[PDB]
């Protein structure tokens, strides 16, 4: 882990939080709980492992429930798409330029499946996270990621990482086991590549 300065605690009150908050939603699937955000009208992107093979997925926009359906799931992909009809909040926009080391960012999500919380963060490093090719295992072998300094929790899974402009830099998908205050974020390029696999293979039963 590359060491960086502690995140600016003032980031919780930054207008960027209130601007993106309505579009960041809590997800409950049937016991399993996570975070998502609006990517396009009536469509929510979330963590695939949270909603994996679930027929009872609910989306909470502003403490109010909306029925969701997993319409895009691929076992080889970290992200999933939920279809959420009549969902008021507008889509969030992805940042077009990659984030740099030391930049102050914010993780938005629902840690422990509670209320919406903004977690102050700082970019450690942009890296290619490559593992071994596990035989018979579908999950990705390589990932474009940001390592971040942040007190991240499994409830933040599927939560967007947002810059000071209000744009999504990536999506929280993990943390370090031995290192506290260390989170792993899929880059906007990585999410695009993963959504591309789904866009290419659809429709699938």
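Numbering follows the first chain given and starts at 1.
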- Here the number of deposited-sequence residues unresolved in the coordinates between residue 180 and residue 181 is none
- Message: On mean Cα temperature factor in this entry, is 51-59 or 33-41 the higher one?
- Response: 51-59
- Is the mean CA B factor in the deposited entry higher across 97-105 or across 79-87? 97-105
- Among 27, 161, 145, 141, highest Cα B-factor in the entry goes to 141
- Item | Relative C-alpha B-factor of residue 117, binned into the chain's lowest, middle or highest third | middle
- Task: Using the B-factor values recorded in the entry, state whether the Cα atom of residue 18 falls in the lowest, middle or highest third among the modelled residues of its chain.
- Result: middle
- Once the chain's modelled residues are ordered by C-alpha B factor and cut into thirds, is residue 176 in the lowest, middle or highest one? highest
- Note on the structure: Tertile call for residue 123 (CA temperature factor, within chain, third-based) is the lowest
- Note on the structure: By the entry's values, the third containing the CA B factor of residue 129 is the highest
